[PDB]
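In the block that follows, a single chain appears as C-alpha coordinates, in the form deposited in one PDB entry.
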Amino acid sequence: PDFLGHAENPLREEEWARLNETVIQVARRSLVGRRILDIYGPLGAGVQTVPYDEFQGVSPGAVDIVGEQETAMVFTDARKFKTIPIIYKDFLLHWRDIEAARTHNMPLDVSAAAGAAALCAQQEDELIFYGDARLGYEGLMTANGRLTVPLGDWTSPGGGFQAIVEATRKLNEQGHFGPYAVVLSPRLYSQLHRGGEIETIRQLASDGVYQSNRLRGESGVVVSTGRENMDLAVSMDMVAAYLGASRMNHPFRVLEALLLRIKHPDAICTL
(Lines give C-alpha, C1' and ligand atoms only; values in the text may rest on other atoms or scores of the structure.)
Protein backbone atom coordinates (compact mmCIF):
# COMPACT_ATOMS: atom_id res chain seq x y z
CA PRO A 1 0.00 0.00 0.00
CA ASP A 2 2.77 2.47 0.86
CA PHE A 3 4.69 1.74 -2.36
CA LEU A 4 1.59 2.64 -4.42
CA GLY A 5 2.49 6.33 -4.06
CA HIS A 6 5.54 8.55 -4.35
CA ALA A 7 6.58 8.16 -0.73
CA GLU A 8 8.14 10.98 1.28
CA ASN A 9 9.97 8.89 3.91
CA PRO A 10 9.98 5.32 2.52
CA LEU A 11 12.04 3.90 5.40
CA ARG A 12 10.97 4.15 9.03
CA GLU A 13 13.29 5.07 11.89
CA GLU A 14 14.61 1.52 12.37
CA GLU A 15 16.13 1.12 8.91
CA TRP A 16 17.12 4.79 8.83
CA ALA A 17 19.18 4.09 11.95
CA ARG A 18 20.57 0.84 10.54
CA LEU A 19 21.66 2.77 7.46
CA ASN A 20 23.32 5.40 9.67
CA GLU A 21 25.38 2.87 11.63
CA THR A 22 26.21 1.01 8.40
CA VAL A 23 27.58 4.14 6.71
CA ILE A 24 29.36 5.39 9.83
CA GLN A 25 31.22 2.12 10.47
CA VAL A 26 32.09 1.53 6.81
CA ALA A 27 33.49 5.04 6.47
CA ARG A 28 35.27 4.84 9.82
CA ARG A 29 37.23 1.76 8.78
CA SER A 30 37.69 3.08 5.22
CA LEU A 31 38.98 6.58 5.99
CA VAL A 32 42.73 7.22 5.94
CA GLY A 33 42.61 11.00 5.53
CA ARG A 34 40.89 12.14 8.73
CA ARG A 35 43.44 10.27 10.85
CA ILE A 36 46.25 12.45 9.46
CA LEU A 37 44.56 15.78 10.17
CA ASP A 38 42.23 17.33 12.71
CA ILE A 39 38.81 18.34 11.43
CA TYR A 40 37.42 21.84 11.92
CA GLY A 41 34.18 21.77 13.89
CA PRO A 42 30.80 21.33 12.21
CA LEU A 43 29.78 24.64 10.66
CA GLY A 44 26.37 23.57 9.35
CA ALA A 45 24.64 22.99 6.05
CA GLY A 46 24.27 26.70 5.30
CA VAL A 47 27.98 27.53 5.32
CA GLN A 48 29.56 27.29 1.87
CA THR A 49 32.66 29.53 2.09
CA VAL A 50 35.46 29.59 4.67
CA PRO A 51 38.52 31.86 4.96
CA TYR A 52 41.46 30.27 3.14
CA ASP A 53 44.56 31.42 5.03
CA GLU A 54 48.17 31.61 3.86
CA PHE A 55 51.07 32.29 6.21
CA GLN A 56 54.22 32.20 4.09
CA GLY A 57 57.21 33.20 6.18
CA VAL A 58 58.22 32.21 9.70
CA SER A 59 57.83 34.19 12.93
CA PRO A 60 59.01 31.63 15.49
CA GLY A 61 58.26 33.87 18.48
CA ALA A 62 60.09 36.18 20.82
CA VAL A 63 62.10 36.12 24.04
CA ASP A 64 62.30 39.39 25.94
CA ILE A 65 62.42 40.94 29.39
CA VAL A 66 59.83 43.54 28.37
CA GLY A 67 57.96 41.94 25.44
CA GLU A 68 58.71 44.59 22.82
CA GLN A 69 59.58 42.39 19.80
CA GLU A 70 55.95 42.79 18.59
CA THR A 71 56.07 39.61 16.48
CA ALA A 72 52.78 38.57 14.84
CA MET A 73 51.82 36.74 11.65
CA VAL A 74 50.67 39.00 8.81
CA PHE A 75 47.39 38.36 7.02
CA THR A 76 47.75 37.89 3.28
CA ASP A 77 47.03 41.06 1.32
CA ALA A 78 43.75 39.55 0.06
CA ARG A 79 41.82 36.85 1.89
CA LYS A 80 40.75 34.29 -0.70
CA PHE A 81 37.73 32.71 1.06
CA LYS A 82 37.80 29.36 -0.71
CA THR A 83 34.42 27.68 -1.16
CA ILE A 84 33.39 24.33 0.30
CA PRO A 85 32.83 21.55 -2.28
CA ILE A 86 30.50 18.56 -1.96
CA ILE A 87 31.57 14.90 -1.96
CA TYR A 88 28.80 12.43 -2.71
CA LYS A 89 27.81 9.09 -4.19
CA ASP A 90 24.51 7.45 -5.13
CA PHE A 91 22.99 4.02 -4.54
CA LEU A 92 19.64 2.42 -5.33
CA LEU A 93 17.30 0.51 -3.03
CA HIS A 94 14.62 -1.68 -4.57
CA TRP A 95 11.03 -1.15 -3.42
CA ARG A 96 10.44 -4.91 -3.41
CA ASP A 97 13.46 -5.26 -1.13
CA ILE A 98 12.02 -2.66 1.26
CA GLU A 99 8.62 -4.36 1.41
CA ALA A 100 10.24 -7.79 1.76
CA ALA A 101 12.26 -6.55 4.73
CA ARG A 102 9.13 -4.99 6.23
CA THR A 103 7.04 -8.16 5.92
CA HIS A 104 9.84 -10.58 6.90
CA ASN A 105 10.79 -8.53 9.99
CA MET A 106 14.43 -9.08 8.99
CA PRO A 107 17.38 -6.67 8.69
CA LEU A 108 17.40 -4.70 5.45
CA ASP A 109 20.11 -5.24 2.84
CA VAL A 110 22.39 -2.20 2.73
CA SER A 111 25.27 -3.56 0.65
CA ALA A 112 24.76 -0.88 -2.01
CA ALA A 113 24.87 1.78 0.71
CA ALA A 114 28.12 0.39 2.11
CA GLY A 115 29.68 0.35 -1.35
CA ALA A 116 28.55 3.90 -2.08
CA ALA A 117 29.93 5.10 1.26
CA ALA A 118 33.27 3.38 0.65
CA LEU A 119 33.52 4.98 -2.80
CA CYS A 120 32.63 8.39 -1.36
CA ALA A 121 35.31 8.03 1.32
CA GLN A 122 37.84 7.02 -1.33
CA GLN A 123 36.90 10.10 -3.37
CA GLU A 124 37.33 12.18 -0.21
CA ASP A 125 40.84 10.77 0.16
CA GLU A 126 41.52 11.63 -3.49
CA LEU A 127 40.37 15.21 -2.89
CA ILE A 128 42.51 15.50 0.25
CA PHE A 129 45.69 14.10 -1.29
CA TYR A 130 45.23 15.60 -4.77
CA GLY A 131 43.66 18.81 -6.00
CA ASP A 132 40.50 18.71 -8.08
CA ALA A 133 42.28 20.77 -10.79
CA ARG A 134 38.92 21.81 -12.22
CA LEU A 135 37.54 23.48 -9.08
CA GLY A 136 40.96 25.06 -8.50
CA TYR A 137 41.48 23.42 -5.10
CA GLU A 138 45.01 22.80 -3.84
CA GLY A 139 46.11 19.33 -2.75
CA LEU A 140 48.95 17.91 -0.70
CA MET A 141 50.76 16.83 -3.88
CA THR A 142 49.94 20.03 -5.80
CA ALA A 143 50.71 22.60 -3.08
CA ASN A 144 53.19 25.35 -3.85
CA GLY A 145 56.32 24.87 -1.78
CA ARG A 146 56.06 21.12 -1.24
CA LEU A 147 59.69 20.86 0.01
CA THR A 148 60.56 18.08 -2.42
CA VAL A 149 63.24 15.77 -1.00
CA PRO A 150 65.08 13.67 -3.61
CA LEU A 151 64.67 9.91 -3.32
CA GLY A 152 67.93 8.19 -4.23
CA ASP A 153 68.53 4.53 -3.41
CA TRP A 154 65.58 3.36 -1.36
CA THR A 155 65.76 -0.41 -0.76
CA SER A 156 68.79 -0.67 1.51
CA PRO A 157 67.48 -0.59 5.11
CA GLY A 158 69.30 2.62 6.04
CA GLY A 159 67.93 4.55 3.07
CA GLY A 160 64.26 4.36 4.00
CA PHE A 161 64.82 5.82 7.45
CA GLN A 162 67.35 8.31 6.08
CA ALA A 163 64.87 9.82 3.63
CA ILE A 164 62.33 10.44 6.41
CA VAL A 165 65.15 11.93 8.48
CA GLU A 166 66.18 14.33 5.70
CA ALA A 167 62.54 15.35 5.26
CA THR A 168 62.38 16.03 9.00
CA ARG A 169 65.51 18.18 8.68
CA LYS A 170 63.93 20.15 5.83
CA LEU A 171 60.88 20.78 8.00
CA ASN A 172 63.24 21.80 10.81
CA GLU A 173 65.10 24.39 8.73
CA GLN A 174 61.77 25.66 7.37
CA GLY A 175 60.57 26.19 10.95
CA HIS A 176 58.10 23.39 11.82
CA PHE A 177 59.11 21.26 14.80
CA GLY A 178 55.66 19.86 15.62
CA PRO A 179 54.66 16.20 15.56
CA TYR A 180 55.03 14.49 12.20
CA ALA A 181 52.49 12.35 10.33
CA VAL A 182 53.69 10.14 7.48
CA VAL A 183 51.50 8.99 4.59
CA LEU A 184 52.97 6.47 2.17
CA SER A 185 52.01 4.83 -1.10
CA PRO A 186 51.00 1.16 -0.83
CA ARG A 187 54.06 -0.08 -2.71
CA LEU A 188 56.75 1.50 -0.56
CA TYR A 189 54.57 1.10 2.54
CA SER A 190 54.47 -2.68 2.17
CA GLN A 191 58.13 -2.67 1.12
CA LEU A 192 59.25 -0.80 4.25
CA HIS A 193 58.26 -3.75 6.48
CA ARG A 194 61.24 -5.86 5.33
CA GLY A 195 63.60 -4.84 8.12
CA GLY A 196 61.22 -3.79 10.86
CA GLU A 197 61.80 -0.19 9.74
CA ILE A 198 58.10 0.66 9.97
CA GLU A 199 58.14 0.77 13.78
CA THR A 200 61.12 3.14 13.75
CA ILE A 201 59.36 5.40 11.26
CA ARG A 202 56.24 5.32 13.43
CA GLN A 203 58.25 6.32 16.50
CA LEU A 204 59.95 9.15 14.61
CA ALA A 205 56.54 10.39 13.47
CA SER A 206 54.96 10.03 16.95
CA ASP A 207 51.52 10.49 15.37
CA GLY A 208 51.13 7.64 12.86
CA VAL A 209 52.48 6.13 9.64
CA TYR A 210 49.53 5.19 7.42
CA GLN A 211 49.02 3.99 3.86
CA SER A 212 46.76 5.36 1.12
CA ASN A 213 45.84 3.49 -2.06
CA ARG A 214 45.31 6.76 -3.98
CA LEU A 215 49.00 7.69 -3.87
CA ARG A 216 50.57 6.48 -7.13
CA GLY A 217 54.16 5.34 -7.52
CA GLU A 218 56.55 6.18 -4.73
CA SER A 219 54.78 8.79 -2.61
CA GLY A 220 55.73 9.75 0.91
CA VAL A 221 54.43 12.91 2.59
CA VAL A 222 55.50 14.08 6.05
CA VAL A 223 53.11 16.67 7.48
CA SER A 224 53.12 18.51 10.80
CA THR A 225 49.78 17.40 12.24
CA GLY A 226 49.21 20.65 14.20
CA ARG A 227 46.43 23.16 13.62
CA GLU A 228 47.32 26.41 11.79
CA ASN A 229 49.21 24.29 9.24
CA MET A 230 46.38 22.21 7.68
CA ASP A 231 42.70 21.84 8.51
CA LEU A 232 39.52 20.10 7.35
CA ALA A 233 36.40 22.26 7.42
CA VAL A 234 33.26 20.10 7.68
CA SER A 235 30.00 21.78 6.73
CA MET A 236 28.06 18.53 7.08
CA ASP A 237 29.30 15.03 7.78
CA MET A 238 28.56 11.63 6.22
CA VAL A 239 24.78 11.41 5.83
CA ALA A 240 22.26 9.60 3.66
CA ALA A 241 19.64 11.60 1.78
CA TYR A 242 16.63 10.56 -0.29
CA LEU A 243 16.76 11.63 -3.95
CA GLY A 244 13.07 11.25 -4.67
CA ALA A 245 11.96 8.14 -6.52
CA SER A 246 12.17 7.05 -10.16
CA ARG A 247 10.90 3.84 -11.78
CA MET A 248 9.32 2.91 -8.42
CA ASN A 249 12.79 2.37 -6.93
CA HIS A 250 14.44 4.54 -4.26
CA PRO A 251 17.69 6.37 -5.05
CA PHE A 252 19.75 7.70 -2.15
CA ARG A 253 22.90 9.79 -1.86
CA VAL A 254 25.70 9.39 0.65
CA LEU A 255 26.73 12.97 1.29
CA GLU A 256 29.44 15.02 2.98
CA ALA A 257 30.74 18.58 2.69
CA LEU A 258 34.49 18.81 3.29
CA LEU A 259 37.23 21.29 2.48
CA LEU A 260 40.95 20.74 3.03
CA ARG A 261 42.66 24.09 3.66
CA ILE A 262 46.46 24.16 3.84
CA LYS A 263 47.08 27.24 5.99
CA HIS A 264 50.89 26.99 5.91
CA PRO A 265 52.26 25.39 2.71
CA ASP A 266 55.70 24.78 4.26
CA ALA A 267 54.27 22.29 6.77
CA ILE A 268 54.28 19.46 4.20
CA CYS A 269 57.18 17.58 2.65
CA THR A 270 56.69 15.22 -0.30
CA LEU A 271 59.18 12.70 -1.67
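For every residue, the number given is its place in the sequence shown, counted from 1. In this text, the rigid core denotes the largest set of C-alpha atoms whose superposition between the two forms falls within 1.5 Å.
Quick note: we don't show the form deposited in another entry, though the next part is all about it.
A.B. asks: Only one of 71, 172, 103, 144 shifts by 2 Å or more at CA between the shown form and the other one when the core is aligned; which is it?
C.D. replies: By this measure, the answer is 71.
A.B. asks: Taking the rigid core as the reference frame, tell me whether residue 58 has a CA displacement of 2 angstroms or more between the shown form and the other one.
C.D. replies: The answer is yes, as the C-alpha of residue 58 shifts between the shown form and the other one by 2 Å or more after core alignment.
A.B. asks: Which is it in that other deposited form for the CA atoms of residue 206 and residue 63, closer or farther than here, knowing they shift by 3 Å or more?
C.D. replies: It is farther: in that other deposited form, the C-alpha atoms of residue 206 and residue 63 lie at least 3 Å more apart than they do here.
A.B. asks: Closer or farther: the CA pair residue 171/residue 60 in that other deposited form, versus this form, with a change of 3 Å or more?
C.D. replies: Farther is correct, given that in that other deposited form the C-alpha spacing of residue 171 to residue 60 is increased by at least 3 Å.
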